[PDB]
Amino acid sequence: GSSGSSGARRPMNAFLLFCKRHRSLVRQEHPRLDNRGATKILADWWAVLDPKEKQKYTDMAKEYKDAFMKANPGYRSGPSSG
């Protein structure tokens, strides 16, 4: 959370995935926009996303993250998905 340190760097997320996918889309429909602006458009785009899509995305993140997950002592993972 927010204790007092900026994590090294996270992988991605179901949302961060759609942004990395629609990134160009937005950037295109709005090149002038800024990393903040284009990111403000993606948000909504996501905010207006179905589950099926989120699912696949979530998997990608749940898959991309795990991969990254290596040197993490304080982590969570219950016996259900393996």
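Residues numbered from 1 in each chain as written, not as in the entry; some residues may be left out. Heavy atoms only, no water.

A. Quick peek at the packing of aromatic side chains. In total, this model carries 4 aromatic pairs according to the counting rule given. With 5.6 Å between their ring centres and 55° between their planes, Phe-18 and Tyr-57 make a pair best called tilted. Placement of the pair is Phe-18 in helix 1 (residues 14-29) and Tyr-57 in helix 3 (residues 51-68), with a sequence separation of 39 residues. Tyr-57 carries the same exposure label as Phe-18, and that label is buried. Members of the aromatic cluster, connected to one another through ring pairs, are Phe-15, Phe-18, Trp-46 and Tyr-57. (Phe/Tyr/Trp six-rings, centres within 6.5 Å; stacked < 30°, edge-to-face > 60°. Helix = DSSP H or I, 4+ residues; strand = E, 2+ residues; numbered from the N terminus. Buried < 20%, exposed > 50% of the residue type's maximum accessible area, 1.4 Å probe, protein only.)

B. The environment of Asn-13, seen in detail. Looking at where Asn-13 falls in the secondary structure, it is placed in the segment before helix 1. With relative accessibility at 40%, the residue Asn-13 sits in the partly exposed group.

C. Molecular detail of the packing of helix 1 against helix 3. As a packed pair, helix 1 and helix 3 sit with axes 7 Å apart at the nearest point and diverge in direction by 105°. Taken together, helix 1 and helix 3 sit at an angle that is classed as roughly perpendicular. Contact residues: helix 1 offers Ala-14, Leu-17, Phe-18, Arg-21 and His-22, while helix 3 offers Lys-54, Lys-56, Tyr-57, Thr-58, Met-60, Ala-61 and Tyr-64. Looking at side-chain class alone, the contact of helix 1 with helix 3 contains 7 nonpolar, 2 polar and 3 charged residues. (Axes fitted to C-alpha atoms, helices over the stretch in contact; angles between N-to-C directions. Parallel < 35°, antiparallel > 145°, perpendicular 65-115°, else oblique. Contact = heavy atoms within 4.5 Å. Nonpolar A, V, L, I, M, F, W, Y, C, P; charged D, E, K, R; others polar.)

D. Up close: the UniProt feature "DNA-binding region" in the protein. With numbering matched to this structure, UniProt assigns "DNA-binding region" to residues 8-76. The distance separating the terminal C-alpha atoms of residues 8-76 is 18 Å; by composition the span is 65% helix and 0% strand. (UniProt positions renumbered as here; feature names shortened; annotations may be inferred.)

E. Summary view of helix 1. Relative to the 22 Å expected for 16 residues at 1.5 Å per residue, helix 1 spans 22 Å between its end C-alpha atoms, a close match to the ideal helical length. Roughly 55° is the biggest bend found in helix 1, and it falls at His-22. For helix 1, the complete set of buried residues consists of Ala-14, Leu-17, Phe-18, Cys-19, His-22 and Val-26. Turning to helix 1, the residues buried within the fold contact helix 2 (37-47) and helix 3. (Expected span 1.5 Å × (residues − 1). Bend = angle between axes of the 7 residues up to and from the residue.)

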